[PDB]
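The figures that follow rest on heavy atoms only: side chains count, while hydrogens, waters and symmetry mates do not. Remember, it's 1-based here, ligands and their atoms both numbered in the order they're listed. Protein chains get the first letters and strands the later ones, always in sequence-line order, with residue 1 at the start of each.
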Amino acid sequence: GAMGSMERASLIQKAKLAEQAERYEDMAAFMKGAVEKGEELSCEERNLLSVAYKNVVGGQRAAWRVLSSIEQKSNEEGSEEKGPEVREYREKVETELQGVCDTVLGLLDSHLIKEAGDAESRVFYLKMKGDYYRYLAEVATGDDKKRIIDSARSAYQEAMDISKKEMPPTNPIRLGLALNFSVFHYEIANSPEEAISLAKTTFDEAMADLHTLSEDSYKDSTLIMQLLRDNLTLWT
Amino acid sequence: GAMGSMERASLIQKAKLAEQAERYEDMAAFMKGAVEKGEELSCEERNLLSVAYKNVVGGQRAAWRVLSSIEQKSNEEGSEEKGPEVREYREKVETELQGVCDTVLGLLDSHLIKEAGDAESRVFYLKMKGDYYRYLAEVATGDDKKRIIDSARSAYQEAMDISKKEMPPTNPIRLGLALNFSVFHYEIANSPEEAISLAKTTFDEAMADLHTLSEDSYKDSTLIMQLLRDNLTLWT
Amino acid sequence: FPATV
Amino acid sequence: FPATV
Ligand SMILES: *CC(=O)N1CC2(CCN(C(=O)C3(Nc4ccc(Cl)cc4)CCOCC3)CC2)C1
Ligand SMILES: *CC(=O)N1CC2(CCN(C(=O)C3(Nc4ccc(Cl)cc4)CCOCC3)CC2)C1
Ligand SMILES: [Mg+2]
Ligand SMILES: [Mg+2]
Ligand SMILES: [Mg+2]
Ligand SMILES: [Mg+2]
Ligand SMILES: [Mg+2]
Ligand SMILES: [Mg+2]
């Protein structure tokens, strides 16, 4: 790989620079190189990896939705035939999105998850696995769609099981996992009641544990609790 | 080139889609393919070309400035040595920027400018030539820096000479050229007085011609006049 | 769209 | 930075 000749520490340094420059594709490429060195990632390094790919795929998802909406409108009654170009370009964006997802899933499978023994690392990686299968599910229309959805569910569920055993209810990773799994239920699994129940129970159990926290931990936890509340407000 | 098999009209259609999706790298690649078909560009097509590359290089310039500032800070007294990584990454971004500029300049030279006989097209392309040499000048530090600056000046000056002969003082292309040439004077040529004189004279001559315009032309002209005023306010 | 992290 | 178009 093109980053094989660069020192691990230099890749991490450059990922941080790329983040400051809002160069998320470069950030992701640097972090992929760092992962491929084969050593486990620290907390900060796991966060860099996640931020980089979240921003790259986030932009691809936004573009895919714009193009999909145009394509859907083209297929309404009374819409003039404009040829294959909208489908082709939506497909191009879709294929690039799928590529990025497959790259992340590949890093997780070779070999981040299998080496992650602490709850904080293992839950984080399993949540990412769920997230990138969820993005694949958003664009899936074929024979494998159910298996893709189930892959996301399974990863999220394993993460949830560990998180509930090993982490306090205010832990930001536990909270972020629950946030995202709740969105999976609402948007992917056609399970809005499960989505709402998960968000509410997660919020409420977190609330009850805030008293244990420092000011700084309180700030971290309450930020994600507000995201849960924001989703609940959207859904109820 | 990778767009050689795609119809001209399809490339233009996809450039418009890419713009809607804020996929400016794709937009630029589509427009490069369209130019390489060898036919002259309509007004709308010239605008697509310009928008695409302005947005790509704009993002590269912003990133280059972030990295350059970090690099400059690293070279101050009392700054800890952090190795070659900041310079390397600034160089990487710089090389990519230069590549994009060279691509645009190449399209202009082969063969957009030489086929452009109407003032509106020729001025527009010569302004772009000035703009992309200006971006090269922003990052130039070597033997050729003076020649790069002079290439920008020459292109802008030829555009100015045609614009003054052939276009009314409110014409948006004439106004945009003057705006950008004034910035060249201020930021590249170390000529703030020339920059201010050009912006003021351009504004004032435009003001005097607004009475000739429809409502819609008035809106177009006054928008760019306000940009001139904004720069004057910054500089005085 | 809903919030995710 | 100054305005350009
Ligand atoms: C090292 C580690 O395990 N970390 C640092 C993180 C905890 C704090 N944090 C946040 O609170 C964010 N992002 C995320 C929270 C939770 C998860 Cl699972 C993923 C990201 C910061 C950005 O705004 C949202 C909250 C960063 C990550 C987990
Ligand atoms: C076809 C043609 O020659 N055009 C369309 C343009 C005139 C209107 N226009 C603007 O007013 C913009 N952009 C620019 C103005 C002038 C120049 Cl030289 C370049 C771009 C629209 C975006 O906000 C700024 C004013 C688009 C281009 C020239
Ligand atoms: Mg080493
Ligand atoms: Mg497909
Ligand atoms: Mg339950
Ligand atoms: Mg043809
Ligand atoms: Mg260089
Ligand atoms: Mg003069």
Item to complete: Considering heavy atoms of the protein only, find what lies nearest to atom 11 (O) of ligand 2 and give residue, atom and distance to 0.1 Å.
Response: B:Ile224 CD1, 3.7 Å
Fill in: atom 2 (C) of ligand 2 touched by protein heavy atom at under 4.0 Å
yes
Worksheet, complete the sentence: side-chain contact (heavy atoms from CB on, under 4.5 Å) with B:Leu126: of B:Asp161, B:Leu108, B:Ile162, only one passes, and it is B:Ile162
Discussion item. Checking a contact table here: which protein heavy atom is nearest atom 16 (C) of ligand 2, and how many Å away?
Written reply: B:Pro172 O, 3.4 Å
Worksheet item: Charged N to carboxylate O under 4.0 angstrom, B:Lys219 versus B:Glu215?
Response: no
Practice prompt. Scan residues 100-120 of chain B for pairs that pass side-chain hydrogen bond (donor to acceptor under 3.5 Å, both in side chains), counting only residues two or more places apart or in two chains.
Written response: B:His111-B:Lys114
Worksheet entry | Polar side-chain atom of B:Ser50 near backbone of B:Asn47 as donor-acceptor pair, under 3.5 Å | yes
Practice prompt. Record the part of B:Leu175 in heavy-atom contact with ligand 2 below 4.0 Å; permitted values are side chain, backbone, both and neither.
Written response: neither
Discussion item. Can you check which of B:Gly176, B:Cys43, B:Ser221 brings a heavy atom nearest to atom 5 (C) of ligand 2?
Written reply: B:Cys43
Worksheet entry | B:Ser74 (side chain) donor-acceptor with B:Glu71 (main chain) under 3.5 angstrom | yes
Discussion item. Please give me the protein atoms (N, O or S only) lying under 2.8 Å from the Mg ion (ligand 3), ordered by chain and number.
Written reply: A:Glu7 OE1
Discussion item. Going by the rule ring-ring contact (aromatic ring centres under 6.0 Å, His included), which residues pair with B:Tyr53 if we only count those two or more places apart in sequence or in a different chain?
Written reply: none
Worksheet item: What pairs meet the ring pair (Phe, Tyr, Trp, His ring centres under 6.0 Å) rule with one or both residues in residues 7-29 of chain B, with sequence neighbours excluded?
Response: none
Worksheet item: Taking heavy atoms and a distance under 4.0 Å, where does B:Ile173 meet ligand 2: side chain, backbone, both or neither?
Response: both
Practice prompt. Could you tell me whether B:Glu44 and B:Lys16 have a side-chain N and a carboxylate O separated by less than 4.0 Å?
Written response: yes
Worksheet item: Does a salt bridge link B:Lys127 with B:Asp131, judged by any charged N lying under 4.0 Å from a carboxylate O?
Response: yes
